[PDB]
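**Student:** Here you go, this is structure_17.txt (compact mmCIF, C-alpha atoms).
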```
# COMPACT_ATOMS: atom_id res chain seq x y z
CA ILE J 104 7.64 -13.55 6.37
CA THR J 105 11.27 -13.17 5.36
CA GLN J 106 13.76 -10.35 5.89
CA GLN J 107 16.03 -8.92 3.18
CA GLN J 108 18.99 -7.53 5.13
CA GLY J 109 20.56 -4.22 4.12
CA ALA J 110 17.79 -3.42 1.66
CA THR J 111 17.40 -0.03 -0.04
CA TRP J 112 15.49 2.52 2.08
CA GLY J 113 12.22 2.60 0.12
CA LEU J 114 11.67 -1.10 0.78
CA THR J 115 12.58 -0.77 4.45
CA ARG J 116 10.13 2.10 4.84
CA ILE J 117 7.06 0.39 3.38
CA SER J 118 7.56 -2.67 5.60
CA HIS J 119 7.73 -0.84 8.95
CA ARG J 120 5.54 1.63 10.82
CA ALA J 121 8.56 3.69 11.85
CA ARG J 122 11.88 4.68 10.27
CA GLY J 123 14.96 2.86 11.54
CA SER J 124 14.97 -0.56 9.93
CA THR J 125 17.74 -1.72 7.62
CA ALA J 126 15.72 -4.68 6.36
CA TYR J 127 12.80 -5.29 4.03
CA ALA J 128 10.22 -7.57 5.65
CA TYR J 129 7.79 -9.29 3.29
CA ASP J 130 5.80 -12.49 2.81
CA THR J 131 7.55 -15.11 0.66
CA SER J 132 4.56 -15.20 -1.74
CA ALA J 133 6.28 -12.09 -3.12
CA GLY J 134 3.57 -11.23 -5.63
CA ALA J 135 3.86 -14.54 -7.48
CA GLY J 136 0.91 -15.02 -9.83
CA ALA J 137 0.36 -11.30 -10.27
CA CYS J 138 1.38 -9.14 -13.23
CA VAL J 139 2.59 -5.56 -13.42
CA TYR J 140 2.73 -3.52 -16.63
CA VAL J 141 5.19 -0.63 -16.72
CA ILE J 142 4.07 2.14 -19.10
CA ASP J 143 7.23 4.20 -19.49
CA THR J 144 10.43 4.31 -21.60
CA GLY J 145 10.46 0.52 -21.74
CA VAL J 146 12.09 -2.12 -19.57
CA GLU J 147 15.51 -3.66 -20.18
CA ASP J 148 14.27 -7.22 -19.67
CA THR J 149 17.82 -8.50 -19.99
CA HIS J 150 18.87 -7.01 -16.65
CA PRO J 151 20.09 -9.95 -14.50
CA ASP J 152 18.20 -8.77 -11.43
CA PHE J 153 14.85 -9.54 -13.07
CA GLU J 154 15.72 -13.24 -13.27
CA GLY J 155 13.86 -13.43 -16.57
CA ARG J 156 10.54 -12.41 -14.99
CA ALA J 157 10.48 -9.22 -17.05
CA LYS J 158 9.55 -8.92 -20.73
CA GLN J 159 9.55 -5.85 -22.97
CA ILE J 160 6.56 -6.64 -25.18
CA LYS J 161 5.35 -3.46 -26.92
CA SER J 162 6.59 -0.10 -28.15
CA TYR J 163 4.90 2.94 -29.67
CA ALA J 164 7.97 5.17 -29.82
CA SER J 165 10.90 5.40 -32.24
CA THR J 166 12.80 2.49 -30.68
CA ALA J 167 11.66 -0.81 -29.16
CA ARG J 168 13.90 -0.98 -26.09
CA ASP J 169 14.58 1.16 -23.02
CA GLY J 170 17.51 3.32 -24.06
CA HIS J 171 17.03 5.72 -21.16
CA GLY J 172 16.68 3.72 -17.96
CA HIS J 173 13.67 5.44 -16.39
CA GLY J 174 11.29 2.60 -17.20
CA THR J 175 13.82 -0.01 -16.11
CA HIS J 176 14.30 1.74 -12.77
CA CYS J 177 10.55 1.75 -12.14
CA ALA J 178 10.34 -1.90 -13.15
CA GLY J 179 13.17 -2.61 -10.72
CA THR J 180 11.35 -1.04 -7.77
CA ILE J 181 8.27 -3.07 -8.68
CA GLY J 182 9.89 -6.50 -8.74
CA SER J 183 13.64 -6.81 -9.24
CA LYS J 184 15.20 -9.41 -6.94
CA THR J 185 17.40 -6.92 -5.11
CA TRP J 186 15.49 -3.63 -5.33
CA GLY J 187 11.89 -4.80 -5.76
CA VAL J 188 8.75 -4.96 -3.65
CA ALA J 189 7.16 -8.01 -5.30
CA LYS J 190 10.23 -10.13 -5.99
CA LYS J 191 8.36 -12.94 -7.77
CA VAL J 192 5.89 -10.93 -9.85
CA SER J 193 5.87 -10.97 -13.66
CA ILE J 194 6.71 -7.63 -15.31
CA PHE J 195 5.71 -6.38 -18.76
CA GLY J 196 7.27 -3.36 -20.43
CA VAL J 197 5.16 -1.07 -22.61
CA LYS J 198 7.25 1.67 -24.20
CA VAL J 199 5.28 4.88 -24.83
CA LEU J 200 8.08 7.42 -24.28
CA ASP J 201 11.15 7.76 -26.51
CA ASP J 202 14.64 7.45 -25.03
CA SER J 203 14.65 11.19 -24.33
CA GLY J 204 11.72 10.70 -21.98
CA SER J 205 8.92 12.29 -24.00
CA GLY J 206 5.98 10.86 -25.92
CA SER J 207 2.79 11.91 -27.69
CA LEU J 208 -0.63 11.92 -26.04
CA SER J 209 -1.83 9.47 -28.68
CA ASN J 210 0.95 6.98 -27.91
CA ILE J 211 0.50 7.27 -24.15
CA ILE J 212 -3.22 6.56 -24.51
CA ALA J 213 -2.50 3.67 -26.86
CA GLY J 214 -0.13 2.24 -24.26
CA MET J 215 -2.91 2.24 -21.69
CA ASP J 216 -5.57 0.47 -23.77
CA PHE J 217 -2.86 -1.98 -24.86
CA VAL J 218 -2.45 -3.04 -21.24
CA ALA J 219 -6.23 -3.27 -20.93
CA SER J 220 -6.36 -5.79 -23.78
CA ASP J 221 -3.07 -7.62 -23.41
CA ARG J 222 -3.55 -8.49 -19.73
CA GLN J 223 -6.75 -10.33 -20.69
CA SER J 224 -4.69 -12.92 -22.57
CA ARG J 225 -1.93 -13.34 -19.98
CA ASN J 226 -1.88 -15.85 -17.13
CA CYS J 227 -2.12 -13.48 -14.17
CA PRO J 228 -4.20 -15.45 -11.60
CA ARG J 229 -3.65 -13.09 -8.65
CA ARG J 230 -4.46 -9.96 -10.71
CA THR J 231 -3.00 -7.21 -12.89
CA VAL J 232 -1.37 -3.86 -12.16
CA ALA J 233 -0.53 -0.89 -14.38
CA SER J 234 2.26 1.42 -13.19
CA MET J 235 2.34 4.84 -14.84
CA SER J 236 5.34 6.95 -13.87
CA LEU J 237 4.55 9.82 -16.23
CA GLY J 238 2.60 13.03 -15.75
CA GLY J 239 2.22 16.14 -17.86
CA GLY J 240 -0.38 18.88 -17.79
CA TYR J 241 -4.09 18.22 -17.39
CA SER J 242 -5.56 16.10 -20.18
CA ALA J 243 -9.11 14.73 -20.34
CA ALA J 244 -7.93 12.15 -22.89
CA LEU J 245 -5.24 10.84 -20.55
CA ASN J 246 -7.67 10.76 -17.63
CA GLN J 247 -10.29 8.92 -19.69
CA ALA J 248 -7.78 6.34 -20.90
CA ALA J 249 -6.59 5.74 -17.33
CA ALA J 250 -10.21 5.48 -16.20
CA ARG J 251 -10.91 2.92 -18.94
CA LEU J 252 -7.90 0.86 -17.90
CA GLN J 253 -8.96 0.96 -14.25
CA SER J 254 -12.58 0.11 -15.10
CA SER J 255 -11.45 -2.84 -17.24
CA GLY J 256 -10.17 -4.57 -14.11
CA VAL J 257 -6.57 -3.37 -13.78
CA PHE J 258 -5.39 -1.52 -10.68
CA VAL J 259 -3.77 1.66 -11.98
CA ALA J 260 -1.15 3.47 -9.91
CA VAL J 261 -0.09 6.84 -11.32
CA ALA J 262 2.49 9.49 -10.38
CA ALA J 263 1.16 12.61 -8.63
CA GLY J 264 3.59 14.84 -10.51
CA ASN J 265 6.75 16.75 -9.57
CA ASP J 266 5.60 20.38 -9.69
CA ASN J 267 5.28 20.89 -5.92
CA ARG J 268 1.65 21.92 -6.41
CA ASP J 269 -1.86 20.48 -6.37
CA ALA J 270 -1.94 17.46 -8.67
CA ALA J 271 -5.32 18.60 -10.00
CA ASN J 272 -3.42 20.06 -12.96
CA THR J 273 -1.54 16.85 -13.76
CA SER J 274 -2.73 13.83 -15.76
CA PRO J 275 -3.29 10.92 -15.36
CA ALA J 276 -2.73 12.01 -11.73
CA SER J 277 -5.98 14.01 -11.65
CA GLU J 278 -8.18 11.05 -12.64
CA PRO J 279 -10.42 10.26 -9.62
CA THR J 280 -10.66 6.51 -10.24
CA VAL J 281 -6.93 5.69 -10.34
CA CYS J 282 -4.53 5.55 -7.40
CA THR J 283 -2.48 8.74 -7.41
CA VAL J 284 0.92 8.55 -5.71
CA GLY J 285 2.87 11.27 -3.91
CA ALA J 286 6.54 10.97 -2.89
CA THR J 287 8.46 11.08 0.40
CA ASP J 288 12.08 10.97 1.58
CA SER J 289 13.86 8.70 4.07
CA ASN J 290 13.23 11.05 7.00
CA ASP J 291 9.46 11.07 6.43
CA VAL J 292 9.28 14.49 4.79
CA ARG J 293 7.20 14.94 1.64
CA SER J 294 9.57 15.06 -1.33
CA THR J 295 10.40 18.71 -2.09
CA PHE J 296 9.04 18.24 -5.61
CA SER J 297 6.01 16.08 -4.84
CA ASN J 298 2.61 17.35 -5.85
CA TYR J 299 -0.18 17.16 -3.28
CA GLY J 300 -3.89 17.87 -2.94
CA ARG J 301 -7.15 16.00 -2.43
CA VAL J 302 -6.65 13.91 -5.58
CA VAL J 303 -3.55 12.21 -4.14
CA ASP J 304 -4.43 8.86 -2.56
CA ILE J 305 -1.19 7.68 -1.00
CA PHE J 306 2.45 8.60 -0.44
CA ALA J 307 5.45 6.30 -0.92
CA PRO J 308 9.28 6.49 -1.07
CA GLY J 309 10.31 8.76 -3.93
CA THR J 310 13.45 10.67 -2.94
CA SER J 311 16.81 8.99 -3.58
CA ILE J 312 15.52 5.56 -4.64
CA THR J 313 17.96 2.91 -5.85
CA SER J 314 16.97 0.38 -8.48
CA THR J 315 17.92 -1.28 -11.76
CA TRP J 316 19.23 0.83 -14.64
CA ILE J 317 20.10 0.13 -18.28
CA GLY J 318 23.38 -1.61 -19.05
CA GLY J 319 22.70 -4.04 -16.23
CA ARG J 320 23.66 -1.34 -13.75
CA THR J 321 21.81 0.52 -10.99
CA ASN J 322 20.96 4.15 -10.31
CA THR J 323 19.60 6.34 -7.52
CA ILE J 324 17.09 8.99 -8.56
CA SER J 325 14.06 10.93 -7.31
CA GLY J 326 10.50 11.63 -8.41
CA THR J 327 6.87 10.67 -8.00
CA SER J 328 7.78 8.25 -10.80
CA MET J 329 9.86 6.40 -8.20
CA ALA J 330 7.11 6.41 -5.57
CA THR J 331 4.53 5.05 -8.00
CA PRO J 332 6.23 1.66 -8.53
CA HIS J 333 6.38 1.16 -4.75
CA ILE J 334 2.57 1.26 -4.81
CA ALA J 335 2.34 -0.80 -8.01
CA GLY J 336 4.56 -3.43 -6.41
CA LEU J 337 2.66 -3.27 -3.13
CA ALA J 338 -0.63 -4.00 -4.90
CA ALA J 339 0.93 -6.96 -6.72
CA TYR J 340 2.22 -8.14 -3.35
CA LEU J 341 -1.21 -7.83 -1.74
CA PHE J 342 -2.89 -9.57 -4.69
CA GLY J 343 -0.56 -12.51 -4.23
CA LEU J 344 -0.94 -12.61 -0.45
CA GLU J 345 -4.49 -11.66 0.55
CA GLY J 346 -6.08 -11.20 -2.84
CA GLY J 347 -8.35 -8.20 -3.30
CA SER J 348 -9.97 -6.38 -6.21
CA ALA J 349 -8.64 -3.81 -8.67
CA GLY J 350 -11.45 -1.48 -7.66
CA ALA J 351 -10.84 -1.74 -3.92
CA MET J 352 -7.03 -1.96 -3.92
CA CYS J 353 -6.33 1.77 -3.62
CA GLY J 354 -8.69 1.98 -0.66
CA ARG J 355 -7.12 -1.16 0.78
CA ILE J 356 -3.65 0.39 0.56
CA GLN J 357 -4.97 3.55 2.23
CA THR J 358 -6.55 1.56 5.04
CA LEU J 359 -3.32 -0.35 5.68
CA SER J 360 -1.11 2.74 5.35
CA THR J 361 0.91 4.25 8.18
CA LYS J 362 -0.86 7.41 9.30
CA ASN J 363 0.24 10.84 10.49
CA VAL J 364 4.01 10.32 10.25
CA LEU J 365 4.87 12.60 7.32
CA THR J 366 6.01 16.21 7.46
CA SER J 367 4.89 18.92 5.02
CA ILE J 368 1.52 17.35 4.22
CA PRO J 369 -0.93 20.29 3.91
CA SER J 370 -4.40 20.06 5.44
CA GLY J 371 -6.73 18.52 2.86
CA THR J 372 -4.08 16.08 1.64
CA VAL J 373 -3.91 12.58 3.12
CA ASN J 374 -1.02 11.89 5.50
CA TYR J 375 -0.89 8.23 4.40
CA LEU J 376 2.37 6.33 3.88
CA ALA J 377 2.55 2.95 2.13
CA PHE J 378 2.75 -0.06 4.46
CA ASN J 379 2.68 -3.78 3.62
CA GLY J 380 1.58 -5.07 7.04
CA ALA J 381 4.59 -7.38 7.31
CA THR J 382 5.44 -6.13 10.80
```
Output the file's structure as structure tokens, nothing else.
**Tutor:**
Amino acid sequence: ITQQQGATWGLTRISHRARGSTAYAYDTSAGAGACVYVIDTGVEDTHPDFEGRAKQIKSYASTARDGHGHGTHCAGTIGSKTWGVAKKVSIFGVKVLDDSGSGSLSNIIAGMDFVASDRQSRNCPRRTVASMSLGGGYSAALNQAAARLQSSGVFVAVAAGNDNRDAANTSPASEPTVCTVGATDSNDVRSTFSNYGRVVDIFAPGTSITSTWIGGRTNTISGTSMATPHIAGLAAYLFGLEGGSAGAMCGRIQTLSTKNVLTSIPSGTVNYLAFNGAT
């Protein structure tokens, strides 16, 4: 167990039962041997903070690289050296959204099955994760694709949505079999924009999260898209430390989670906050 001093709040929060720490405590295994696919606007794999552990390998949009930054930020929270949860994990960028931030249903689905097939040919001994920080209106097609990816042996973490309503009307968030992620702020209050409801499985840091950005810079933004990679990284971390299965990982994260500390969690929604068991 090592301690990253002065780490960004999201990392400090998932490594401690209570607010107050300025450090990120985590096991040195740091997710080594695990793989995390980021289905978003792409990942600027040239960012120095990835130490070459990130690779943008597929695009279904107009361009082939992340010209927005959203996907790079999520990738950064997953495993960048300075802002990441699993600092030694391998990251793969799958671009399904154009640089504006939008993409077709067909391309989003195609991004999911691509992960399902590609991960089979990659050396990912500890296991594979799919991080989906995207969420539009309800879509059976999106839910089915996410379900297929999950069933194929990949742990899928998806954003709950930012409509401040039940995530039942958001996809892939509404898919029962995936791990749906809500967002919280540094004072343990549900993010003002975070969706909720029975379909949400876990909450993680999502308000004012700092991470990698395009141009080799950094940025601080908010959204369930920021909370999702905390969970994606946590699973990669657990895979590399205690192992586990893709099908039991969401439940494992719920079991380990810090309970009853969040404010504004309506009855019927789980008051579970991501915890890595490092302290």
**Student:** Please report as a Markdown table every residue of stretch 259-359 of chain J lying within 12 Å of stretch 237-248 of chain J, along with the nearest atom pair and their distance in Å (one decimal), using only C-alpha atoms.
**Tutor:**
```
| residue | atom | partner | partner_atom | distance |
| --- | --- | --- | --- | --- |
| J:259 | CA | J:248 | CA | 10.8 |
| J:260 | CA | J:237 | CA | 10.6 |
| J:261 | CA | J:237 | CA | 7.4 |
| J:262 | CA | J:237 | CA | 6.2 |
| J:263 | CA | J:238 | CA | 7.3 |
| J:264 | CA | J:238 | CA | 5.6 |
| J:265 | CA | J:238 | CA | 8.3 |
| J:266 | CA | J:239 | CA | 9.8 |
| J:268 | CA | J:240 | CA | 12.0 |
| J:269 | CA | J:241 | CA | 11.5 |
| J:270 | CA | J:241 | CA | 9.0 |
| J:271 | CA | J:241 | CA | 7.5 |
| J:272 | CA | J:241 | CA | 4.8 |
| J:273 | CA | J:241 | CA | 4.6 |
| J:274 | CA | J:241 | CA | 4.9 |
| J:275 | CA | J:246 | CA | 4.9 |
| J:276 | CA | J:238 | CA | 6.8 |
| J:277 | CA | J:246 | CA | 7.0 |
| J:278 | CA | J:246 | CA | 5.0 |
| J:279 | CA | J:246 | CA | 8.5 |
| J:280 | CA | J:246 | CA | 9.0 |
| J:281 | CA | J:246 | CA | 8.9 |
| J:282 | CA | J:246 | CA | 11.9 |
| J:283 | CA | J:238 | CA | 10.7 |
| J:284 | CA | J:238 | CA | 11.1 |
| J:285 | CA | J:238 | CA | 12.0 |
| J:297 | CA | J:238 | CA | 11.8 |
| J:298 | CA | J:238 | CA | 10.8 |
| J:326 | CA | J:237 | CA | 10.0 |
| J:327 | CA | J:237 | CA | 8.6 |
| J:328 | CA | J:237 | CA | 6.5 |
| J:329 | CA | J:237 | CA | 10.2 |
| J:330 | CA | J:237 | CA | 11.5 |
| J:331 | CA | J:237 | CA | 9.5 |
| J:332 | CA | J:237 | CA | 11.3 |
```
**Student:** I need the residues from that last selection saved to file as a compact mmCIF listing (two decimals), keeping the file's coordinate frame (with C-alpha atoms), if you can.
**Tutor:**
```
# COMPACT_ATOMS: atom_id res chain seq x y z
CA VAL J 259 -3.77 1.66 -11.98
CA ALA J 260 -1.15 3.47 -9.91
CA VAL J 261 -0.09 6.84 -11.32
CA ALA J 262 2.49 9.49 -10.38
CA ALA J 263 1.16 12.61 -8.63
CA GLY J 264 3.59 14.84 -10.51
CA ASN J 265 6.75 16.75 -9.57
CA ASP J 266 5.60 20.38 -9.69
CA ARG J 268 1.65 21.92 -6.41
CA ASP J 269 -1.86 20.48 -6.37
CA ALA J 270 -1.94 17.46 -8.67
CA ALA J 271 -5.32 18.60 -10.00
CA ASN J 272 -3.42 20.06 -12.96
CA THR J 273 -1.54 16.85 -13.76
CA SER J 274 -2.73 13.83 -15.76
CA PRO J 275 -3.29 10.92 -15.36
CA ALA J 276 -2.73 12.01 -11.73
CA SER J 277 -5.98 14.01 -11.65
CA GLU J 278 -8.18 11.05 -12.64
CA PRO J 279 -10.42 10.26 -9.62
CA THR J 280 -10.66 6.51 -10.24
CA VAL J 281 -6.93 5.69 -10.34
CA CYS J 282 -4.53 5.55 -7.40
CA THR J 283 -2.48 8.74 -7.41
CA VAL J 284 0.92 8.55 -5.71
CA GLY J 285 2.87 11.27 -3.91
CA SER J 297 6.01 16.08 -4.84
CA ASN J 298 2.61 17.35 -5.85
CA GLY J 326 10.50 11.63 -8.41
CA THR J 327 6.87 10.67 -8.00
CA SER J 328 7.78 8.25 -10.80
CA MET J 329 9.86 6.40 -8.20
CA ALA J 330 7.11 6.41 -5.57
CA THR J 331 4.53 5.05 -8.00
CA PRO J 332 6.23 1.66 -8.53
```
**Student:** Given the choices J:190, J:176, J:122, J:168, which gets closest to residue J:339 if the distance is worked out from all atoms listed in the file?
**Tutor:**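 Closest candidate: J:190.
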**Student:** Go ahead and compute the interatomic distance for atom CA of residue J:290 and atom CA of residue J:123, in Å to one decimal.
**Tutor:**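 Atom CA of residue J:123 lies 9.5 Å from atom CA of residue J:290.
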**Student:** Residues proximal to (-11.0, -1.1, -14.2) were defined as those with any atom within 12 Å of that point in the file's coordinates, counting all atoms listed in the file. Which are they, as a ChimeraX atom specification?
**Tutor:** /J:215-216,218-220,222,230-233,247-260,280-282,348-353
**Student:** In Å, how far is it from atom CA of residue J:345 to atom CA of residue J:188?
**Tutor:** 15.4 Å
**Student:** Which is closer to residue J:342 than all the others in J:119, J:320, J:229, J:198, using all atoms listed in the file?
**Tutor:**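 The answer is J:229, which sits nearest to residue J:342.
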**Student:** Around the point (0.1, -1.0, 7.3) (coordinates from the file), which residues reach within 8 Å if we count all atoms listed in the file? Answer as number ranges by chain.
**Tutor:** J: 118-120, 356, 358-361, 377-381
**Student:** Using all atoms listed in the file, find the one residue out of J:196, J:106, J:310, J:321 that sits nearest to residue J:130.
**Tutor:**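 Nearest to residue J:130: J:106.
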**Student:** Kindly give the distance, in Å, that separates atom CA of residue J:136 and atom CA of residue J:226, rounded to a single decimal.
**Tutor:**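 Between atom CA of residue J:136 and atom CA of residue J:226 the gap works out to 7.9 Å.
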**Student:** Can you work out which one of J:182, J:308, J:369, J:346 has the shortest atom-to-atom distance to residue J:133, counting all atoms listed in the file?
**Tutor:** J:182
**Student:** If we count all atoms listed in the file and set the cut-off at 10 Å, which residues sit around residue J:172, ignoring sequence neighbours fewer than 6 positions away in its own chain? Please answer as a PDB file with C-alpha atoms, in the frame of the given file.
**Tutor:**
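around.pdb, freshly written:
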```
ATOM      1  CA  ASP J 143       7.230   4.200 -19.490  1.00  0.00           C
ATOM      2  CA  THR J 144      10.430   4.310 -21.600  1.00  0.00           C
ATOM      3  CA  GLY J 145      10.460   0.520 -21.740  1.00  0.00           C
ATOM      4  CA  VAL J 146      12.090  -2.120 -19.570  1.00  0.00           C
ATOM      5  CA  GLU J 147      15.510  -3.660 -20.180  1.00  0.00           C
ATOM      6  CA  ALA J 178      10.340  -1.900 -13.150  1.00  0.00           C
ATOM      7  CA  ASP J 202      14.640   7.450 -25.030  1.00  0.00           C
ATOM      8  CA  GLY J 204      11.720  10.700 -21.980  1.00  0.00           C
ATOM      9  CA  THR J 315      17.920  -1.280 -11.760  1.00  0.00           C
ATOM     10  CA  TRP J 316      19.230   0.830 -14.640  1.00  0.00           C
ATOM     11  CA  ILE J 317      20.100   0.130 -18.280  1.00  0.00           C
ATOM     12  CA  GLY J 318      23.380  -1.610 -19.050  1.00  0.00           C
ATOM     13  CA  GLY J 319      22.700  -4.040 -16.230  1.00  0.00           C
ATOM     14  CA  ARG J 320      23.660  -1.340 -13.750  1.00  0.00           C
ATOM     15  CA  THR J 321      21.810   0.520 -10.990  1.00  0.00           C
ATOM     16  CA  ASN J 322      20.960   4.150 -10.310  1.00  0.00           C
TER      17      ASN J 322
END
```
**Student:** I want to know what sits within 10 Å of stretch 156-164 of chain J, based on only C-alpha atoms, with residues of the same chain fewer than 3 positions away left out; could you give that as an MDAnalysis selection string?
**Tutor:** chainID J and resid 138:153 167:169 175 178:179 182:184 190:202 205:207 209:211 213:214 217:218 221
**Student:** Go through J:114, J:227, J:373, J:126 and flag the residue nearest residue J:300, using only C-alpha atoms for the distances.
**Tutor:**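 Using only C-alpha atoms, residue J:300 sits closest to J:373.
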**Student:** Find, counting only C-alpha atoms, the residue in J:171, J:225, J:301, J:116 that gets nearest to residue J:370.
**Tutor:** J:301
**Student:** Starting from 5 Å padding per side, set up an axis-aligned box that covers all listed atoms of stretch 265-269 of chain J and hand over centre and edge lengths in Å, one decimal, as lines of an AutoDock Vina configuration file.
**Tutor:**
```
center_x = 2.4
center_y = 19.3
center_z = -7.8
size_x = 18.6
size_y = 15.2
size_z = 13.8
```
